[PDB]
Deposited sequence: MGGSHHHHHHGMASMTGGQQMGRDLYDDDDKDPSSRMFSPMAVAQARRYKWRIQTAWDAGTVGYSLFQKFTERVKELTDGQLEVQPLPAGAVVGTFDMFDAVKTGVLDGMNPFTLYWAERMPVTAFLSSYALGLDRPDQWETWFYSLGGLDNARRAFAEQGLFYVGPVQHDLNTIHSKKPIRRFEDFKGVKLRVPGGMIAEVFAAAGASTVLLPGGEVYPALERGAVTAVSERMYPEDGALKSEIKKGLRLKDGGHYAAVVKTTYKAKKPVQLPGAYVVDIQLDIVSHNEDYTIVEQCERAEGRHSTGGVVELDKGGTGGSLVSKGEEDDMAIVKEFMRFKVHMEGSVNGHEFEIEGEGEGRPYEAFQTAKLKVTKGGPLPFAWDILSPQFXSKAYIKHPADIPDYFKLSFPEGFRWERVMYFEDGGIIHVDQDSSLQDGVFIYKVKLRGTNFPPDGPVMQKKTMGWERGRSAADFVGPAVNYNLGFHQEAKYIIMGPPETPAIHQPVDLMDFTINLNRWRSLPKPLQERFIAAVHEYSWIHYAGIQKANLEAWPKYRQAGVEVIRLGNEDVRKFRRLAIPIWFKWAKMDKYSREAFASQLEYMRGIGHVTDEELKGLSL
């Protein structure tokens, strides 16, 4: 008689995507004279997006409309049932692989082992990258925090130096931002009776690139003091003003920790002596701020060895841990150490081999903080950015995030948080996901209960919808590009050379995923044969590689 099915889709309510899905659900009733009814459910309605696989398998849901490569961790073959970086990159080629070169049956055998019936692929779109900052070349991906959908997509970007996270499309921007600063933030941790920290944030270079720096610090109170548990410190340090040659500088900072004699207002005095590539100097300074509001400013003056022949930025973090706001349930190691105070030792490592060792002593005399600093920097290349003053302060952390194509990403508000779009060159507009396929998968028991006449009709329905969906998305994307311009969003194109650099990374990662199990091996072997047959892949790009 009448069959009812609940199917949840990866599309959020109020997307172009979701509207196309409900339309399909009405088409299925038409194509079956009301014998099969599909109740559509937006993302999250019944279970979370990434929980759909287990919900369908167990029958909580009858079926799902996911992005197929979300199952890459638990079914390697599914990394090969949607585009991967710099492989087959036209919708028609994936249609051919699926419907004549054996892809569909490969997919069906793999899913049936899980108690799922893979109906067929649904054509969708290519994907864009929405970024807060201008990523203008391959090297700019290093240090970026990037949301991506895992599997081979994430592996390729991790090999290009990105930190990757997996989040559902609907939930990228409350969080990815927090995550990026969590990265750039110092990481406090108790060890061996000291409070230690590690900071992993790049300098900003005038050419837009970044220059990596690893900061390791040991802080030790001069009297025994309660150590805290591990925690995090958001610190933002600005250079407020400077003279021409930086012999007089004003900086200020706000610092906050998260999971009687130190008065509300405190002044400090600092003296630094140091050497960088053999250039000796001294600095004297005076500062003030609000230790519990954690806002401080200071004025520094080069008293010897001025002008300094290197970037001020390597000294700025050396000039005040008493001025960090700590919540009540995090012991304040720095404040509790007073009046005797504390010492620290630091070893900053850069990416060109430059090294700085720093020693600091912090005490309290007469109601004023006294800081003494000794700094030794060596091994900076003479032409490098530190010695040639080509740096601009410290990165606050960089967020970029793939999700889908331009319309639906606009539905989800990406234009508000990110003012750049990163695409490939016109030859290769999508480097990571040119053909981002969805599918329909039905609980296997549900499927086999359906009369074979309705089975065939549902398969036909899905094949028709694959291209209606595709066509609908593509139309919306045409409307979206003008809205991006109105929002102030700038489209950046990478170069052919940038593509070559991704390609060297991508091909070996293909073969590693291919060799995970028998299904992944079978599917990649047939994709590779096709790619070789149409001149996608040369024999030479392949040298040293074999299933």
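What the model leaves out of the deposited chain are the segments 1-46, 306-331, 392.
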